[PDB]
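Reproduced below: my_file32.txt, with compact mmCIF, C-alpha atoms and all ligand atoms.
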# COMPACT_ATOMS: atom_id res chain seq x y z
CA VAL M 1 7.37 -10.85 -17.05
CA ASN M 2 6.72 -11.13 -13.31
CA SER M 3 5.18 -13.67 -10.94
CA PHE M 4 1.91 -11.84 -10.21
CA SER M 5 -1.10 -13.84 -11.37
CA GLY M 6 -4.82 -13.27 -11.81
CA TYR M 7 -4.72 -9.47 -11.92
CA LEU M 8 -7.06 -7.34 -13.98
CA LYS M 9 -5.20 -4.71 -15.99
CA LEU M 10 -6.60 -1.20 -15.44
CA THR M 11 -4.02 0.90 -17.33
CA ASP M 12 -0.58 0.58 -18.87
CA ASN M 13 0.95 0.28 -15.38
CA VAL M 14 -1.83 -0.38 -12.81
CA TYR M 15 -3.20 -3.87 -12.06
CA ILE M 16 -5.84 -4.90 -9.50
CA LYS M 17 -7.08 -8.05 -7.76
CA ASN M 18 -9.49 -9.00 -4.97
CA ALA M 19 -6.88 -10.33 -2.54
CA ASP M 20 -5.45 -10.05 0.96
CA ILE M 21 -2.09 -8.27 0.57
CA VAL M 22 -0.64 -10.56 3.25
CA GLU M 23 -1.51 -13.69 1.25
CA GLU M 24 -0.29 -12.11 -2.00
CA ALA M 25 3.03 -11.22 -0.39
CA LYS M 26 3.61 -14.69 1.08
CA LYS M 27 2.85 -16.32 -2.28
CA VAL M 28 4.71 -13.90 -4.54
CA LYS M 29 7.48 -12.68 -2.22
CA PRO M 30 7.72 -9.42 -4.22
CA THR M 31 10.66 -7.05 -4.18
CA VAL M 32 8.52 -4.32 -2.54
CA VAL M 33 5.34 -4.62 -0.48
CA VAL M 34 3.69 -1.34 0.53
CA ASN M 35 2.40 -0.88 4.08
CA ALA M 36 -0.42 1.56 4.82
CA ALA M 37 1.52 3.07 7.71
CA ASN M 38 0.96 5.88 10.19
CA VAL M 39 3.61 8.45 11.11
CA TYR M 40 4.58 6.53 14.28
CA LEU M 41 4.90 3.18 12.47
CA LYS M 42 2.49 1.74 15.06
CA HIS M 43 1.15 -1.24 13.12
CA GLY M 44 -2.03 -1.85 15.06
CA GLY M 45 -4.75 -2.83 12.59
CA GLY M 46 -5.87 -2.93 9.00
CA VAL M 47 -3.11 -3.53 6.46
CA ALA M 48 -0.36 -2.62 8.91
CA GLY M 49 -1.59 -4.78 11.76
CA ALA M 50 -2.05 -7.72 9.39
CA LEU M 51 1.39 -7.37 7.78
CA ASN M 52 3.07 -7.00 11.15
CA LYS M 53 1.27 -10.05 12.57
CA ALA M 54 2.48 -12.09 9.59
CA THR M 55 6.09 -11.12 10.51
CA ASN M 56 5.60 -12.35 14.09
CA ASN M 57 6.03 -8.70 15.27
CA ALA M 58 9.49 -8.35 13.68
CA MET M 59 8.17 -5.46 11.58
CA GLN M 60 7.12 -3.61 14.75
CA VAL M 61 10.47 -4.23 16.48
CA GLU M 62 12.35 -2.87 13.46
CA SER M 63 9.94 0.06 13.19
CA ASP M 64 10.36 1.05 16.85
CA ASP M 65 14.12 1.28 16.34
CA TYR M 66 13.56 3.36 13.17
CA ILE M 67 11.37 5.85 15.06
CA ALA M 68 13.73 6.02 18.04
CA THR M 69 16.51 7.05 15.64
CA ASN M 70 14.67 9.22 13.11
CA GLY M 71 11.41 10.40 14.67
CA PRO M 72 8.01 10.18 13.00
CA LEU M 73 7.40 10.19 9.28
CA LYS M 74 5.54 13.00 7.54
CA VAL M 75 1.98 12.52 6.36
CA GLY M 76 2.54 11.86 2.66
CA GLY M 77 6.01 10.45 3.36
CA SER M 78 7.60 7.02 3.45
CA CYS M 79 10.55 4.94 4.51
CA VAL M 80 12.07 1.70 3.21
CA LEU M 81 12.52 -1.05 5.79
CA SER M 82 12.89 -4.82 5.62
CA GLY M 83 10.16 -6.93 4.07
CA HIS M 84 10.95 -9.71 6.59
CA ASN M 85 9.33 -13.00 5.46
CA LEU M 86 6.91 -11.22 3.10
CA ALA M 87 9.07 -9.35 0.57
CA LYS M 88 12.59 -8.08 0.10
CA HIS M 89 11.60 -4.58 1.25
CA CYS M 90 8.59 -2.94 2.84
CA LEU M 91 7.82 0.61 1.71
CA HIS M 92 5.93 2.15 4.64
CA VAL M 93 3.78 4.94 3.15
CA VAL M 94 1.66 7.35 5.19
CA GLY M 95 -1.53 8.47 3.50
CA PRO M 96 -3.60 11.23 5.12
CA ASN M 97 -6.06 10.09 7.77
CA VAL M 98 -9.37 11.82 7.03
CA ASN M 99 -10.66 10.90 10.50
CA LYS M 100 -7.84 13.09 11.89
CA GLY M 101 -8.63 16.06 9.63
CA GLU M 102 -5.55 15.49 7.48
CA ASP M 103 -5.54 17.01 3.99
CA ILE M 104 -6.75 14.55 1.34
CA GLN M 105 -4.52 16.40 -1.14
CA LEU M 106 -1.65 14.64 0.65
CA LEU M 107 -2.86 11.36 -0.88
CA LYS M 108 -1.16 12.33 -4.15
CA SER M 109 2.10 13.00 -2.30
CA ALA M 110 1.77 9.59 -0.62
CA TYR M 111 1.38 7.78 -3.96
CA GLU M 112 4.38 9.67 -5.41
CA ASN M 113 6.59 7.53 -3.16
CA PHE M 114 5.68 4.52 -5.32
CA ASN M 115 7.51 6.06 -8.30
CA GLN M 116 10.87 5.35 -6.62
CA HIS M 117 10.29 1.60 -7.17
CA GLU M 118 9.94 -0.16 -10.50
CA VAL M 119 7.37 -2.74 -9.30
CA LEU M 120 5.28 -2.86 -6.11
CA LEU M 121 2.56 -4.90 -4.43
CA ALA M 122 0.33 -2.42 -2.62
CA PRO M 123 -3.00 -1.74 -0.92
CA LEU M 124 -5.03 1.32 -1.65
CA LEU M 125 -3.88 4.23 0.52
CA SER M 126 -5.95 6.35 2.92
CA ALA M 127 -8.96 4.04 2.68
CA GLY M 128 -9.66 1.29 5.20
CA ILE M 129 -9.34 2.57 8.74
CA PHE M 130 -7.86 5.87 7.45
CA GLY M 131 -11.32 7.04 6.37
CA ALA M 132 -11.02 8.08 2.72
CA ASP M 133 -13.15 6.91 -0.21
CA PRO M 134 -11.39 3.98 -1.96
CA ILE M 135 -12.84 4.98 -5.35
CA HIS M 136 -11.00 8.30 -5.06
CA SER M 137 -7.85 6.55 -3.84
CA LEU M 138 -7.78 4.34 -6.94
CA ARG M 139 -8.12 7.36 -9.25
CA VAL M 140 -5.28 9.20 -7.49
CA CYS M 141 -3.17 6.04 -7.76
CA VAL M 142 -3.79 5.71 -11.50
CA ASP M 143 -3.14 9.43 -12.07
CA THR M 144 0.05 9.55 -9.94
CA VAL M 145 1.92 6.23 -10.04
CA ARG M 146 3.92 5.64 -13.23
CA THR M 147 5.78 2.50 -12.13
CA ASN M 148 4.16 -0.94 -12.16
CA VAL M 149 1.74 -1.33 -9.25
CA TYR M 150 -0.23 -4.45 -8.32
CA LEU M 151 -3.13 -3.51 -6.05
CA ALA M 152 -4.60 -6.04 -3.62
CA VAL M 153 -8.15 -5.05 -2.60
CA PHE M 154 -9.32 -6.88 0.53
CA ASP M 155 -13.10 -6.42 0.21
CA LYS M 156 -14.85 -8.19 -2.69
CA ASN M 157 -17.81 -5.78 -2.72
CA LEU M 158 -15.39 -2.86 -3.03
CA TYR M 159 -13.26 -4.55 -5.70
CA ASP M 160 -16.32 -5.10 -7.89
CA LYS M 161 -17.33 -1.44 -7.49
CA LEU M 162 -13.81 -0.17 -8.25
CA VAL M 163 -13.70 -2.24 -11.45
CA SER M 164 -17.21 -1.41 -12.64
CA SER M 165 -16.87 2.36 -12.23
CA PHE M 166 -13.38 2.65 -13.71
CA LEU M 167 -13.71 3.65 -17.39
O1 LIG M 201 -7.55 -0.03 1.99
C1 LIG M 201 -6.94 -1.03 2.73
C2 LIG M 201 -7.92 -2.22 2.86
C3 LIG M 201 -9.18 -1.76 3.60
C4 LIG M 201 -8.96 -2.16 5.06
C5 LIG M 201 -7.94 -3.28 5.02
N1 LIG M 201 -7.29 -3.27 3.70
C6 LIG M 201 -6.56 -4.33 3.22
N2 LIG M 201 -6.20 -4.30 1.89
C7 LIG M 201 -5.49 -5.35 1.38
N3 LIG M 201 -5.06 -6.45 2.01
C8 LIG M 201 -5.43 -6.40 3.34
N4 LIG M 201 -5.06 -7.47 4.18
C9 LIG M 201 -5.57 -7.12 5.47
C10 LIG M 201 -6.22 -5.91 5.37
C11 LIG M 201 -6.14 -5.43 4.02
CL CL M 202 -6.02 -0.11 6.68

Transcribe the structure of this file into structure tokens.
Amino acid sequence: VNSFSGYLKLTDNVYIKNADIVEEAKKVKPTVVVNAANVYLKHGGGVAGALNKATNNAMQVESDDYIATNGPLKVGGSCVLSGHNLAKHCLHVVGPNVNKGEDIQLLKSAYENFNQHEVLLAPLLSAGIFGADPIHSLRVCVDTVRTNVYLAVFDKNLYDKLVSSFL
């Protein structure tokens, strides 16, 4: 039993809700919130910009130190940093950016990072400002993640389409 509420169950381990991940994180304070990061951890917009703003820029300050020490992430890769006021930890995951020509096959590699955590609150990856089709992203998620994932879908129109086309 966990503190997530109002989710539709899609599979044994995948749950979905029309919600702003920032509001879900503040309410639930999960162990892990996933950020839809880029390789530079520059949290400018979309999920990342919204999460960072909710931390009063502390996420960005921490991220800049991470990059100065370690260099950029790989597309498909991740790092665990603080969740600040939103969660215990933030798993920053880089999905491929289709607008940059990055290989959509890397979306599966991106979702594999979720399997290192028993329960996560997450957005879809590679959709939003990253350019990919969210319907495809949901299928890759369901076919890749084996741990318990709670997906917050920002757009109501999209949520209804993801649900209706699922089975
Ligand atoms: O595929 C990611 C979707 C599409 C673009 C933004 N995004 C979000 N998902 C969930 N919670 C969110 N809060 C703020 C933005 C946001
Ligand atoms: Cl986004």

Once you count only C-alpha atoms and all ligand atoms, which residues end up within 9 Å of ligand LIG 201 (chain M), and could you hand them over as number ranges by chain?
M: 18-24, 36, 45-51, 122-130, 132, 134, 137, 151-155

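In this comparison, which uses all atoms listed in the file, the residue of M:135, M:32, M:63, M:38 approaching residue 116 (chain M) most closely is M:32.
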
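If you look at CA of residue 111 (chain M) and CA of residue 15 (chain M), they are 14.9 Å away from each other.
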
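Closest approach to residue 100 (chain M) among M:150, M:52, M:39, M:131 is made by M:131 (distances from all atoms listed in the file).
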
Write out as a PyMOL selection string each polymer residue whose atoms come within 9 Å of residue 87 (chain M), counting only C-alpha atoms; drop sequence neighbours fewer than 3 positions from it.
chain M and resi 25-26+28-33+82-84+90

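Interatomic distance, CA of residue 93 (chain M) against CA of residue 27 (chain M): 22.0 Å.
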
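Between CA of residue 12 (chain M) and CA of residue 105 (chain M) the separation is 24.1 Å.
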
Near residue 143 (chain M), counting all atoms listed in the file, which residues have an atom at most 12 Å away, once you skip same-chain residues fewer than 4 positions from it, shown as a VMD selection string?
chain M and resid 10 to 14 107 to 109 111 to 112 115 136 to 139 147

Counting all atoms listed in the file, the option among M:94, M:121, M:140, M:59 closest to ligand CL 202 (chain M):
M:94

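Proximity ranking of M:17, M:43, M:74, M:117 relative to ligand CL 202 (chain M) places M:43 first, based on all atoms listed in the file.
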
What are the centre and edge lengths in Å, to one decimal, of the axis-aligned box around all listed atoms of region 27-43 of chain M with 5 Å added on each side, as JSON?
{"center_x": 5.1, "center_y": -3.9, "center_z": 5.3, "size_x": 21.1, "size_y": 34.8, "size_z": 29.6}

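The closest residue to residue 162 (chain M), picked from M:54, M:65, M:8, M:72 and counting all atoms listed in the file, is M:8.
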
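Comparing the minimum interatomic distances between residue 80 (chain M) and each of M:106, M:37, M:142, M:149, counting only C-alpha atoms, we find that M:37 sits nearest.
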
Since the input has fewer atoms than a full residue there, write region 153-165 of chain M out with N, CA, C and O atoms, as a PDB file, in the coordinates of the input.
ATOM      1  N   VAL M 153      -6.962  -5.639  -3.211  1.00  0.00           N
ATOM      2  CA  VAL M 153      -8.150  -5.050  -2.600  1.00  0.00           C
ATOM      3  C   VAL M 153      -8.816  -6.121  -1.743  1.00  0.00           C
ATOM      4  O   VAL M 153      -9.295  -7.134  -2.272  1.00  0.00           O
ATOM      5  N   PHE M 154      -8.893  -5.865  -0.432  1.00  0.00           N
ATOM      6  CA  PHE M 154      -9.320  -6.880   0.530  1.00  0.00           C
ATOM      7  C   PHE M 154     -10.800  -7.226   0.386  1.00  0.00           C
ATOM      8  O   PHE M 154     -11.172  -8.404   0.449  1.00  0.00           O
ATOM      9  N   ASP M 155     -11.654  -6.226   0.186  1.00  0.00           N
ATOM     10  CA  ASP M 155     -13.100  -6.420   0.210  1.00  0.00           C
ATOM     11  C   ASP M 155     -13.647  -6.675  -1.194  1.00  0.00           C
ATOM     12  O   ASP M 155     -13.471  -5.847  -2.092  1.00  0.00           O
ATOM     13  N   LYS M 156     -14.349  -7.802  -1.371  1.00  0.00           N
ATOM     14  CA  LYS M 156     -14.850  -8.190  -2.690  1.00  0.00           C
ATOM     15  C   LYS M 156     -15.885  -7.192  -3.218  1.00  0.00           C
ATOM     16  O   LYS M 156     -15.853  -6.801  -4.392  1.00  0.00           O
ATOM     17  N   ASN M 157     -16.824  -6.791  -2.362  1.00  0.00           N
ATOM     18  CA  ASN M 157     -17.810  -5.780  -2.720  1.00  0.00           C
ATOM     19  C   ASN M 157     -17.131  -4.535  -3.291  1.00  0.00           C
ATOM     20  O   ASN M 157     -17.512  -4.018  -4.350  1.00  0.00           O
ATOM     21  N   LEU M 158     -16.102  -4.053  -2.595  1.00  0.00           N
ATOM     22  CA  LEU M 158     -15.390  -2.860  -3.030  1.00  0.00           C
ATOM     23  C   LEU M 158     -14.652  -3.094  -4.339  1.00  0.00           C
ATOM     24  O   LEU M 158     -14.704  -2.257  -5.246  1.00  0.00           O
ATOM     25  N   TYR M 159     -13.957  -4.226  -4.458  1.00  0.00           N
ATOM     26  CA  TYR M 159     -13.260  -4.550  -5.700  1.00  0.00           C
ATOM     27  C   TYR M 159     -14.194  -4.486  -6.896  1.00  0.00           C
ATOM     28  O   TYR M 159     -13.871  -3.874  -7.919  1.00  0.00           O
ATOM     29  N   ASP M 160     -15.370  -5.107  -6.783  1.00  0.00           N
ATOM     30  CA  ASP M 160     -16.320  -5.100  -7.890  1.00  0.00           C
ATOM     31  C   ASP M 160     -16.747  -3.679  -8.244  1.00  0.00           C
ATOM     32  O   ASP M 160     -16.900  -3.344  -9.424  1.00  0.00           O
ATOM     33  N   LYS M 161     -16.941  -2.828  -7.233  1.00  0.00           N
ATOM     34  CA  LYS M 161     -17.330  -1.440  -7.490  1.00  0.00           C
ATOM     35  C   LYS M 161     -16.189  -0.658  -8.134  1.00  0.00           C
ATOM     36  O   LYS M 161     -16.419   0.137  -9.053  1.00  0.00           O
ATOM     37  N   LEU M 162     -14.954  -0.857  -7.660  1.00  0.00           N
ATOM     38  CA  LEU M 162     -13.810  -0.170  -8.250  1.00  0.00           C
ATOM     39  C   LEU M 162     -13.648  -0.529  -9.720  1.00  0.00           C
ATOM     40  O   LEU M 162     -13.362   0.339 -10.552  1.00  0.00           O
ATOM     41  N   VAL M 163     -13.823  -1.808 -10.056  1.00  0.00           N
ATOM     42  CA  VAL M 163     -13.700  -2.240 -11.450  1.00  0.00           C
ATOM     43  C   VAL M 163     -14.827  -1.653 -12.289  1.00  0.00           C
ATOM     44  O   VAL M 163     -14.593  -1.103 -13.373  1.00  0.00           O
ATOM     45  N   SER M 164     -16.067  -1.753 -11.804  1.00  0.00           N
ATOM     46  CA  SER M 164     -17.210  -1.410 -12.640  1.00  0.00           C
ATOM     47  C   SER M 164     -17.250   0.073 -12.969  1.00  0.00           C
ATOM     48  O   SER M 164     -17.699   0.446 -14.057  1.00  0.00           O
ATOM     49  N   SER M 165     -16.787   0.923 -12.059  1.00  0.00           N
ATOM     50  CA  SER M 165     -16.870   2.360 -12.230  1.00  0.00           C
ATOM     51  C   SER M 165     -15.616   2.965 -12.849  1.00  0.00           C
ATOM     52  O   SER M 165     -15.485   4.190 -12.872  1.00  0.00           O
TER      53      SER M 165
END
